[PDB]
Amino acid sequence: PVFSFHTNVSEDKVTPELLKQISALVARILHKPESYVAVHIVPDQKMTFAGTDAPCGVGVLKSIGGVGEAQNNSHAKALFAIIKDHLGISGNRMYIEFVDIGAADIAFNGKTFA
């Protein structure tokens, strides 16, 4: 899995602990070995939400399985909570997209997964 998140919050506010916590959370909620988990957080971005430059963010959780029409709402609760707790972004100013990737459509160690 890959969790990516882009935000206009300052880099200083983005800590090693945040990425390590997200990493562990994503492994748990998707039931994936953490050796497969990538986390990518991009601060200091030029963004607006609702037409204003107040703190906001947009991100994606991509995985082969684990994401799914009936699991994603739970995933969203957990991920919005950790981001709000560390970064302070309001829930009405952030999105997370969930992408279920076919195994033939993502590669790792020089090969696709199918």
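Don't overthink the numbering: it's just position in the shown sequence, from 1.
Stretch with the higher entry mean CA B-factor, where the candidates are 69-77 and 35-43: On average, C-alpha B-factors are higher across 69-77.
Selected stretch [higher average CA B-factor]: 86-94 or 13-21: It is 13-21 that shows the higher mean C-alpha B-factor.
Member of 60, 54, 30, 64 with the greatest C-alpha B factor (per the PDB record): Highest C-alpha B-factor among the listed residues goes to 30.
Ranked C-alpha temperature factor of residue 7 among modelled chain residues, by third: Residue 7: CA B-factor falls in the lowest third of its chain.
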